[PDB]
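The chain below stands alone and is given as structure tokens, in the form deposited in one PDB entry.
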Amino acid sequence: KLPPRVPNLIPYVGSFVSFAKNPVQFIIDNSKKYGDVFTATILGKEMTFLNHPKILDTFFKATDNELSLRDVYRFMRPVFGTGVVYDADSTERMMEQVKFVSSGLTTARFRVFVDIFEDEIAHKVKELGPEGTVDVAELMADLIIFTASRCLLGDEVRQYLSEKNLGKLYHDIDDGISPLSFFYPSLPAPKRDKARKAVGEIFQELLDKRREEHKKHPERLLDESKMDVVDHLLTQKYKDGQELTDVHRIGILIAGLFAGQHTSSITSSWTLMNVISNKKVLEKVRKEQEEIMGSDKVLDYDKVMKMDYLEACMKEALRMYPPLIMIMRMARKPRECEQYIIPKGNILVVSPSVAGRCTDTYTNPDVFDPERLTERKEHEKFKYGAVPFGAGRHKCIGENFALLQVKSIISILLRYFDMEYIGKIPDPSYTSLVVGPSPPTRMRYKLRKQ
């Protein structure tokens, strides 16, 4: 019947301490001890970890009344908002809301986004000067905040960033959600709530402003390259004809931005760091750039679409250091897994971090080798060998945008600068919801064109 248990340190708390010490190592260690499927008590929750590629289809192809997302990620309600996303009234409503974000992520917008990336980096180079050292994680977070905001919200957001502290407000929301929220969703967090209200009022203002501009300039509606997520949200209704409330519009923008930022800034950090620290890798990347750029001096979309090796580097950083280390679902009915049955109420857990280091799937997995993908094709062994964007019904809809954003940023930065990373590549720090490199992450740079 039930899978093998990790014996608990204590009653209730169970395996929390070793889990909290390092959840990826926790799953590796215990998979060796107990197999492909084991269960653990963790601050009251029964958590069943699925750890081999071969068993993942049952997880990924379930429906939302078999394996529920809304039951596990509903603690995000104070960040994204009441009635939005995991706190939507239904699974169907949640799916429609996700479609509004995805509808500002079209090819047409992607061509405009490349120019945004060029513009923001040009502004950033003036702060950095011709030489120096900079924290990599912060540079990326700072660039991704301006770029993602303008990509999703339109250029009207830029004054609020540069003259109303919106970047700091985001960091206060990010500040007040920890992994413990998953276990205790009512842990009060008053600075987070203060910042969420502030961003709320700014986004309300942005919606009102946009309404005026849709009156005075209705042609924008026709032009697909100027239509951002704010615009769709103001002009689309739910499928059954119910109109959106501004509360929901606001929440959906906050959520989209939350997805738009942290995961990409972290991936960019890991990618850049490993690129510039491996001489061979850096040579191949620069040889592709020079071939694709030719005599042009700025990026455009079709150039970014030919950056295959740089794409493979990003993918390799996502194998090794996926920012979303664990994917979860609650069993609403018992579930068959292998010989076992997982019972109603257990949380199923799949980890892209664990998959990424599986010795089945990958050889020398602690080595950053983009050619493992580009030649040895190691990812395609199993159907679910690589899942840093998930799989199936709830696969990331931001994937192409993230690829575009991180390739572009790293390509532009390489065009401007020679860069050298200081010290050894860090380990992941398992202290936030979205997992990034352990500080410090510093690099030297110098401008290539005096």
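The term rigid core refers to the most C-alpha atoms you can superpose between the two forms while keeping them within 1.5 Å. Residue indices: 1-based, along the sequence shown.
Keep in mind the form deposited in another entry is missing from the figure; the text below concerns it.
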Q | Of the candidates 77, 214, 286, 164, the only Cα that travels 2 Å or more between this form and the one not shown, given a rigid-core fit | A | 77
Q | Rigid core superposition, residue 129 Cα moves 2 angstroms or more between this form and the one not shown | A | no
Q. With both forms fit on the core, has residue 302 moved 2 Å or more by CA between this form and the one not shown?
A. no
Q.
For residue 336, does the CA position differ by 2 Å or more between this form and the one not shown when the superposition is done on the rigid core?
A. no
Q | Cα separation of residue 180 and residue 28 in the other form versus here, shift of 3 Å or more | A | closer
